[PDB]
2 protein chains.
Amino acid sequence: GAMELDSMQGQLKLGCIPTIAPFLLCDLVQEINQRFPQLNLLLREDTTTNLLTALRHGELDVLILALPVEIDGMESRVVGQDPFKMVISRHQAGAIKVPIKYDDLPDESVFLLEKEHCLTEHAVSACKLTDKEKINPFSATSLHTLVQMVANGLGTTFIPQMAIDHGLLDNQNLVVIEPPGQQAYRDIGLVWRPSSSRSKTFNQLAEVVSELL
Amino acid sequence: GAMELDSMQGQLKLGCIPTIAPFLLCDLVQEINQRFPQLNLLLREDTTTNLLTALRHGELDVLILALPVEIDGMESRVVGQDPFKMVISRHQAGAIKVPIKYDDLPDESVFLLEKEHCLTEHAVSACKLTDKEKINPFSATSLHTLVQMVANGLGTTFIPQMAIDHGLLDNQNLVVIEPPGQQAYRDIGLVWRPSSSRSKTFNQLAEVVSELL
Ligand SMILES: [Cl-]
Ligand SMILES: [Cl-]
């Protein structure tokens with residue numbers, strides 16, 4: 001018979017936005033499988049506002065977000081920075097000169113995600129895109145289909161470095177360019193409820209995530 | 001000066017579901033860039049019911065769907081078949097024997113997308129998963145985070161072959177297994193309005209897509 005028998009044990013419900021989740025969480029899972037093998041991560045992917053509601057309502061324990069976004073009343077910790085690049089099709093790379101000058105781009109040549117995705121506000125502000133006439137009026141609804149439109153030669157867009165590092169551009173014959181701006185990156189952060197009893201778990205997770213960025 | 005001056009020219013608004021769009025549309029863009037270089041594809045990614053509403057309301061021209069789903073009143077053409085596999089973590093591959101016998105799996109060991117994603121009904125029916133007690137009650141909300149949970153060792157799931165062929169499992173230390181069933185695949189199809197004047201465009205696109213499957 002046998003005798004019947006800690007922060008990083010057990011189950012955690014973690015939410016993450018669509019422009020992060022496919023990239024960073026692959027690396028996070030591989031690290032915690034080894035370093036914290038009793039931690040089971042139930043994962044939810046949703047856009048920022050929906051994730052915040054789920055966190056406040058106790059449907060999720062912790063979020064991995066891009067910051068800043070509205071997180072009144074929550075506790076957060078910034079864990080690293082994720083650079084922005086621009087991308088254009090190799091077959092349009094000639095007809096667009098580098099360094100990129102937005103005034104030199106055609107009108108309606110910049111494609112962006114619908115505004116429920118925080119990537120659009122982060123990129124437009126961090127890369128100083130102030131001329132709204134360069135933005136195409138057709139809004140993209142996923143990072144993958146945004147990139148596919150650029151690969152079809154339709155214009156250009158801003159892409160986070162973690163997507164590039166995880167192969168998002170593979171086999172799509174794209175060129176990666178630096179945007180304008182001295183602070184062309186987004187912060188990445190973990191967000192949780194102040195009344196949680198699991199802050200030690202979240203801060204240990206925070207340290208793991210920071211090492212992936 | 002100069003003189004002022006056809007089915008596959010111009011702009012097309014195409015919608016596609018999240019368990020297809022990241023995979024197949026990369027290949028489709030590369031083929032049409034060469035074969036139909038004047039065809040500009042504006043892309044929308046959304047789940048099936050939302051896409052059908054957008055198609056009926058004239059907000060999109062044509063869809064690439066997994067079939068069968070409800071498409072009353074629309075015209076459709078099946079263009080190929082996309083096999084299903086199961087996946088498990090390499091570190092759990094021992095504790096699960098092959099051929100897979102669902103009765104031998106732990107209860108709650110099968111993770112599935114929320115039902116707005118047609119992959120769940122297609123996979124459960126085509127792979128003959130009849131025992132509901134094997135389904136984990138936590139529903140996944142994206143194909144990427146579904147796979148990450150399996151990579152974390154939490155259980156198993158069904159994955160379409162086009163995702164595997166496009167690298168979805170890379171670096172996640174997963175094993176690919178055959179499911180039960182003689183017809184473990186899903187159909188892929190294009191869907192459009194009967195009153196459209198662009199059927200010649202859609203059938204030419206249909207031929208291109210069939211060659212990618
Ligand atoms: Cl978001
Ligand atoms: Cl769907």
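Proteins get letters first, then strands, A, B, ... in listed order; numbering begins at 1 in each.
Within the model, atoms CG of A:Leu113 and OG1 of A:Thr120 stand 4.5 Å from one another, a figure rounded to the nearest 0.5 Å. Atoms OG1 and NE2, on B:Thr49 and B:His117 in that order, are 11.0 Å from each other to the nearest 0.5 Å. The structure places SG of A:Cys26 at 7.5 Å from CG of B:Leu168, a figure rounded to the nearest 0.5 Å. Residue A:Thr157 holds its OG1 atom at 5.5 Å from CG of A:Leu112, rounded to the nearest 0.5 Å. The distance from atom CG of A:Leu28 to atom CD1 of A:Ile64, rounded to the nearest 0.5 Å, is 5.5 Å. For the atom pair CG (A:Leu60) and OG1 (A:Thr53), the distance works out to 10.5 Å, reported to the nearest 0.5 Å.
Side-chain contact between B:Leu41 and B:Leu39 is present, with heavy atoms from C-beta onward closer than 4.5 Å. Taking the side chain as every heavy atom from C-beta outward, A:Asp61 and A:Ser196 never approach each other to under 4.5 Å. Side chains of A:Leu143 and A:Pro18 form no contact here, defined as non-hydrogen atoms less than 4.5 Å apart. Considering only heavy atoms from C-beta on, B:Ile135 comes within 4.5 Å of B:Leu129 through its side chain. For the pair B:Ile71 and B:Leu63, the minimum side-chain heavy-atom distance is 4.5 Å or more. Taking 4.5 Å as the limit, some side-chain heavy atom of A:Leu52 sits within range of a side-chain heavy atom of A:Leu65. For the pair A:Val62/A:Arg198, no side-chain contact is recorded, criterion being any heavy-atom separation below 4.5 Å from C-beta on. Side chains of B:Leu55 and B:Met74 form a contact here, defined as non-hydrogen atoms less than 4.5 Å apart.
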Side chain to side chain contact (heavy atoms under 4.5 Å, CB included) assessment of B:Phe158 paired with B:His122: CA-CA 10 Å; B:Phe158 308 100; B:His122 288 157; over 6 Å; no

Where do B:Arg193 and B:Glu75 land on the salt bridge (charged side-chain N to carboxylate O under 4.0 Å, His left out) test, with the steps shown first? CA-CA 6 Å; B:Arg193 300 191 290 288; B:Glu75 183 160 327; over 6 Å; no

Run the side chain to side chain contact (heavy atoms under 4.5 Å, CB included) check on A:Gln172 and B:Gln30 step by step: do they pass? CA-CA 7 Å; A:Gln172 301 201 254; B:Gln30 297 302 303; 4.2 Å; yes

Chi angles and distances behind the side chain to side chain contact (heavy atoms under 4.5 Å, CB included) call for B:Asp131, B:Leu105: CA-CA 10 Å; B:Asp131 183 353; B:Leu105 294 172; over 6 Å; no

Step by step, work out the side chain to side chain contact (heavy atoms under 4.5 Å, CB included) result for A:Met86 and A:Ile100. CA-CA 9 Å; A:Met86 305 179 80; A:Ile100 288 275; 4.1 Å; yes

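Sorted by first and then second residue, the pairs that involve residues 9-20 of chain A and meet side chain to side chain donor-acceptor pair (under 3.5 Å), not counting sequence neighbours, are A:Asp6-A:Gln9, A:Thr19-A:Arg186. Applying the side chain to side chain donor-acceptor pair (under 3.5 Å) test to every pair with at least one member in residues 105-115 of chain B, sequence neighbours left out, gives these pairs: B:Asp107-B:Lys134.
For B:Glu70, the CD atom sits in a packed shell: over 12 heavy atoms of surrounding residues, nucleotides or ligands are nearer than 6.0 Å. Around atom CD of A:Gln34, no more than 12 heavy atoms belonging to other residues, nucleotides or ligands sit under 6.0 Å away.
Minimum interatomic distance between B:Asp187 and B:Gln81 (heavy atoms only, all atoms of both residues): OD1-NE2, 3.1 Å. Contact detail for A:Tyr102 and A:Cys127: the closest heavy-atom pair is OH-O, 2.6 Å. Residues B:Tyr185 and B:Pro83 approach most closely at CB-CA, 3.6 Å, considering heavy atoms. Between B:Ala66 and B:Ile20 the shortest heavy-atom distance is N-CD1, 3.7 Å. Listed here is the closest heavy atom pair of A:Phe111 and A:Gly155: CE1-N, 4.1 Å. When all heavy atoms are compared, the tightest approach of A:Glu45 to A:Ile17 is CG-C, 4.3 Å.
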Pairs under 3.5 angstrom only: tabulate donor-acceptor contacts from the side chains of residues 145-154 of chain A to other protein residues two or more places apart or in another chain.
residue: A:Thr145; atom: OG1; partner: A:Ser142; partner atom: O; Å: 3.3
residue: A:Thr145; atom: OG1; partner: A:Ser142; partner atom: OG; Å: 2.7
residue: A:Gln148; atom: NE2; partner: B:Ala21; partner atom: O; Å: 2.9

Distance-only donor-acceptor pairs under 3.5 Å for side chains of residues 199-213 of chain A, two or more places apart:
residue: A:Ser199; atom: OG; partner: A:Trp192; partner atom: NE1; Å: 3.1
residue: A:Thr201; atom: OG1; partner: A:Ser7; partner atom: O; Å: 2.5
residue: A:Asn203; atom: OD1; partner: A:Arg77; partner atom: NH1; Å: 2.8
residue: A:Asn203; atom: ND2; partner: A:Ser199; partner atom: O; Å: 3.2
residue: A:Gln204; atom: OE1; partner: A:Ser7; partner atom: OG; Å: 2.6
residue: A:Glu207; atom: OE2; partner: A:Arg77; partner atom: NH2; Å: 2.5
residue: A:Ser210; atom: OG; partner: A:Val79; partner atom: O; Å: 3.2
residue: A:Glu211; atom: OE1; partner: A:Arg35; partner atom: NH1; Å: 3.4
residue: A:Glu211; atom: OE1; partner: A:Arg35; partner atom: NH2; Å: 2.7

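Formation of a donor-acceptor pair under 3.5 Å by the B:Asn173 side chain with backbone atoms of B:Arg90 is not found in this model. Within the 3.5 Å criterion, the main-chain N or O of B:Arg44 finds no donor-acceptor partner in the side chain of A:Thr141. For B:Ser76 (side chain) and B:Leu190 (main-chain N/O), no donor-acceptor pair under 3.5 Å exists by modelled atom type. Proximity of a side-chain donor or acceptor of B:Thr156 to a complementary backbone N or O of B:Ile88 within less than 3.5 Å is not detected. With hydrogens and angles disregarded, no donor-acceptor distance shorter than 3.5 Å links the side chain of B:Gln38 to the backbone of B:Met8. A donor-acceptor pair is defined here as one N or O able to donate and one able to accept, closer than 3.5 Å; such a pair exists between the side chain of A:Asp82 and the backbone of A:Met162.
By the 30° and 60° cut-offs, the orientation of the rings of B:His166 relative to B:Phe23 is tilted.
With sequence neighbours excluded, the residues that form a ring pair (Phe, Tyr, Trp, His ring centres under 6.0 Å) with A:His144 are B:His144. In this structure, the side chain to side chain donor-acceptor pair (under 3.5 Å) partners of B:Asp165, at least two apart in sequence or on a different chain, are B:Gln161.
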